[PDB]
*Asks:* 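Got a structure for you, questions after.
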Amino acid sequence: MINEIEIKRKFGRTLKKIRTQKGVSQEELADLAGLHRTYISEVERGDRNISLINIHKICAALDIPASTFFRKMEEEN
Amino acid sequence: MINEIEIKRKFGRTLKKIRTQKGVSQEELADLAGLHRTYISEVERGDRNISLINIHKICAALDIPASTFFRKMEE
């Protein structure tokens, strides 16, 4: 059975980890991706229905391929 | 920075390619992923901005990791 909350929260945990590893603040990431900082923060908590376009804007801003983002998500405990 | 129409169209083309490679019709993918056929068709055409949840469902239905799906999309 699909757990929408866990899927979203796992995405957000992975974003926070990658962003923080890269030394980028939420505000910086928001600016680079053309998104609101409140929205970045919400995504990091799994509050948003993040979709393909914003996934790619965020990954582009962090200079990481989406495949690598999802591989890290998949490798999480 | 990304071009949004290109991303949506490239995802849709990649989905059609993987599904067809695996011998799965749009109707069967809808059945397996718990989505409507029309939605699958729209996604394949690049007319939707597919959600993380539905990416997950489609990839699971096709027995492909999302990372691998996106690696193919990135080719």
Side-chain angles (χ1 to χ4, degrees), chain A residues 1-19 21-22 24 28-36 39-76, chain B residues 1-19 21-22 24 26 28-36 38-75:
Chain A
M1 180 169 82
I2 294 150
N3 185 344
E4 294 199 9
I5 290 165
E6 173 48 14
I7 292 161
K8 294 183 269 212
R9 289 183 183 181
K10 186 181 285 195
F11 182 95
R13 288 189 311 271
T14 302
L15 172 55
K16 181 182 175 172
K17 179 186 176 101
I18 296 174
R19 175 186 59 71
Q21 279 173 343
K22 281 173 176 274
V24 177
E28 183 182 354
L29 173 55
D31 178 18
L32 294 168
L35 298 168
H36 296 325
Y39 175 79
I40 294 304
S41 180
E42 288 163 349
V43 168
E44 284 184 1
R45 284 176 286 98
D47 291 348
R48 286 283 163 284
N49 192 36
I50 203 175
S51 299
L52 182 71
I53 283 317
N54 286 346
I55 293 168
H56 285 77
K57 289 165 65 69
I58 286 165
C59 286
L62 297 172
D63 193 26
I64 190 175
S67 56
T68 298
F69 185 104
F70 279 86
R71 188 204 69 227
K72 290 174 175 291
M73 197 176 158
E74 290 160 11
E75 288 169 359
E76 199 201 50
Chain B
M1 310 177 76
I2 55 108
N3 178 299
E4 298 187 3
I5 291 160
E6 294 178 1
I7 292 289
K8 289 183 280 196
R9 291 183 179 188
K10 188 60 185 284
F11 180 91
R13 286 204 301 124
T14 302
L15 175 54
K16 177 167 183 182
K17 185 188 193 158
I18 292 166
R19 168 186 70 67
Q21 284 177 345
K22 296 180 175 259
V24 176
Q26 289 183 341
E28 176 166 11
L29 177 55
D31 292 340
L32 295 172
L35 297 168
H36 290 96
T38 52
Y39 180 81
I40 299 302
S41 179
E42 288 160 358
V43 167
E44 289 186 1
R45 208 176 327 124
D47 288 327
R48 294 296 193 98
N49 178 26
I50 186 174
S51 64
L52 176 64
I53 296 304
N54 290 337
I55 292 167
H56 179 105
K57 290 176 94 195
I58 286 176
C59 287
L62 293 173
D63 188 14
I64 186 173
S67 55
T68 305
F69 183 104
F70 285 115
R71 194 168 303 116
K72 294 171 174 296
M73 187 180 148
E74 292 154 10
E75 299 165 16

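The analysis underlying the following values was restricted to heavy atoms, covering all of them including side chains, and did not include hydrogens, waters or symmetry mates. Convention: sequence-line order gives letters A, B, ...; per-chain numbering from 1.
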*Asks:* Can you tell which part of A:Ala61 gets under 4.5 Å to a heavy atom of chain B, answering side chain, backbone, both or neither?
*Replies:* neither

*Asks:* What part of B:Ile55 gets closer than 4.5 Å to chain A, counting heavy atoms only: side chain, backbone, both or neither?
*Replies:* side chain

*Asks:* Nearest 0.5 Å, what's the CD1-CZ distance between B:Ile53 and A:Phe11?
*Replies:* 11.0 Å

*Asks:* Examine whether an atom of A:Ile7 lies under 4.5 Å from a heavy atom of chain B, and if so say whether it belongs to the side chain, the backbone or both; otherwise answer neither.
*Replies:* both

*Asks:* For chain A against chain B, give me the donor-acceptor pairs closer than 3.5 Å, one per line with atom names and distance.
*Replies:*
{"unit_1": "B:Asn49", "atom_1": "OD1", "unit_2": "A:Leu52", "atom_2": "N", "d": "3.3"}
{"unit_1": "B:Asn49", "atom_1": "OD1", "unit_2": "A:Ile53", "atom_2": "N", "d": "2.9"}
{"unit_1": "B:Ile50", "atom_1": "O", "unit_2": "A:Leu52", "atom_2": "N", "d": "2.8"}
{"unit_1": "B:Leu52", "atom_1": "N", "unit_2": "A:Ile50", "atom_2": "O", "d": "2.8"}
{"unit_1": "B:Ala66", "atom_1": "N", "unit_2": "A:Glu74", "atom_2": "OE2", "d": "3.3"}
{"unit_1": "B:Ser67", "atom_1": "N", "unit_2": "A:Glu74", "atom_2": "OE2", "d": "2.9"}
{"unit_1": "B:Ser67", "atom_1": "OG", "unit_2": "A:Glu74", "atom_2": "OE1", "d": "2.6"}
{"unit_1": "B:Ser67", "atom_1": "OG", "unit_2": "A:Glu74", "atom_2": "OE2", "d": "3.3"}
{"unit_1": "B:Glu74", "atom_1": "OE1", "unit_2": "A:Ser67", "atom_2": "OG", "d": "2.5"}
{"unit_1": "B:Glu74", "atom_1": "OE2", "unit_2": "A:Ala66", "atom_2": "N", "d": "3.3"}
{"unit_1": "B:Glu74", "atom_1": "OE2", "unit_2": "A:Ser67", "atom_2": "N", "d": "2.9"}
{"unit_1": "B:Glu74", "atom_1": "OE2", "unit_2": "A:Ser67", "atom_2": "OG", "d": "3.4"}

